[PDB]
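Under the entry's author numbering, the letters of the sequence shown match residues 3 to 125, 127 to 261, in that order.
A quick write-up on the structure given underneath.
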Amino acid sequence: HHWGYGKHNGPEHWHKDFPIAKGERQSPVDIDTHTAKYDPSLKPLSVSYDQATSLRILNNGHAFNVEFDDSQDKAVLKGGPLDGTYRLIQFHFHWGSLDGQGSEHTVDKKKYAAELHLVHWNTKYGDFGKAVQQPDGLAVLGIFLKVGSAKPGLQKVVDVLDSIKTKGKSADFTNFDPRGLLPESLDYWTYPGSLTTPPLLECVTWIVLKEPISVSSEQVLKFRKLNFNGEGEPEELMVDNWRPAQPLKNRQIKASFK
Ligand SMILES: NS(=O)(=O)c1ccc(C(=O)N2CCN(c3cc4c(cc3F)c(=O)c(C(=O)O)cn4C3CC3)CC2)cc1
Ligand SMILES: [Zn+2]
């Protein structure tokens, strides 16, 4: 009886195995745009992905991860609210069964069709497993997806999903450039939070871009043909793999922009 996103094992159940689910800095949250304060002290955000080395794509039973070589400082996130250097390790998405839901963060209670998470870890902790034990261990760059025009830079991901339909399947996924997944603007909101899946560790600086990217109905339909289940098991479509907004508690969401 493992965690997941079903009636019997979904977000409302997680606290039983992972009591930090009811903690002081859980993610995601609703971003109240009228309450978030511009912070003139926020340094410029630096997304350096020119030397990114993608390796593999994995269906982990919850989402799919595009994994990167993080054995040296190739693709890094710096600046913004961050101190030091954060190495890209993987990206994944959360998405809905329909276009009116799927994002984890919400904007004035608005749900997007999906949300991309580019996950990075603080190199002062030496490895990802040590970083997740620290309050400043991870930086996740979150990008909203809306349904409209196709995102050309997403199509190589959409076209490999057939090959990783079920839990535990992977495929070679070299030479993928994550710069093709960014919006024009790097305006963002930031707040201290957590992993949005078990074990829900409170180790994440969240950086959520204001500008969504557009993907096509056909692109997000291919996400929804994935499976939570393993090969040969009854089909359970991989949809609605999102955690709802959590209480903000004693936190301020800061804006990079006026
Ligand atoms: N939606 S999201 O919020 O962006 C997001 C959600 C999940 C993930 C993710 O990929 N995971 C979550 C962390 N999880 C963990 C890994 C851990 C440890 C603890 C861990 F929770 C340890 O304490 C530990 C130790 O040294 O003792 C070692 N490891 C590593 C070596 C395997 C690895 C998988 C990323 C982003
Ligand atoms: Zn995520």
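Each residue gets a CB set at the ideal place from its N, CA and C atoms; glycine is no exception.
List the endpoints of the continuous alpha helix (DSSP H) containing residue i.
i	result
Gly233	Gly233 -> no alpha helix (DSSP H), and no H or E assigned at all.
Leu118	Careful: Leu118 lies outside any alpha helix (DSSP H), inside the beta strand (DSSP E) at 116-124.
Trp16	16-19
So is the beta-carbon of residue i under 7 Å away from any non-hydrogen atom of ligand 1?
i	result
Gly233	no
Going by the C-beta, is residue i closer than 7 Å to any heavy atom of ligand 2?
i	result
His17	no
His107	no
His10	no
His96	yes
Within 10 Å of its beta-carbon, does residue i have 16 or more other beta-carbons around it, so buried, or fewer, so exposed?
i	result
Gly82	buried
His3	exposed
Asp180	exposed
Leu118	buried
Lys170	buried
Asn244	buried
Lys261	exposed
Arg27	buried
Looking at the secondary structure, which residues open and close the beta strand (DSSP E) in which residue i lies?
i	result
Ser29	It is not in any beta strand (DSSP E) - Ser29 carries neither H nor E in the DSSP assignment.
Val242	Here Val242 belongs to no beta strand (DSSP E), and DSSP marks it neither H nor E.
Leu44	No beta strand (DSSP E) holds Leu44; DSSP gives it neither H nor E.
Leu212	207-212
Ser217	216-218
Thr193	191-196
- Near ligand 1, which residues have their beta-carbon closer than 5 Å to a heavy atom? Those residues that have a beta carbon less than 5 Å away from any non-hydrogen atom of ligand 1 are, in order along the chain, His119, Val121, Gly132, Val135, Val143, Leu198, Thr199, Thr200, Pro202.
- Message: Quick check for students: name the residue ranges of the beta strand (DSSP E) that lie wholly in the stretch 128-182, counting only runs of 3 or more.
- Response: As far as the stretch 128-182 is concerned, its whole beta strand (DSSP E) runs of at least 3 residues are 141-150, 173-175.
- Query: Which full runs of the beta strand (DSSP E) of 3+ residues lie inside the stretch 51-94, going along the chain?
  - Reply: 56-61, 66-70, 78-81
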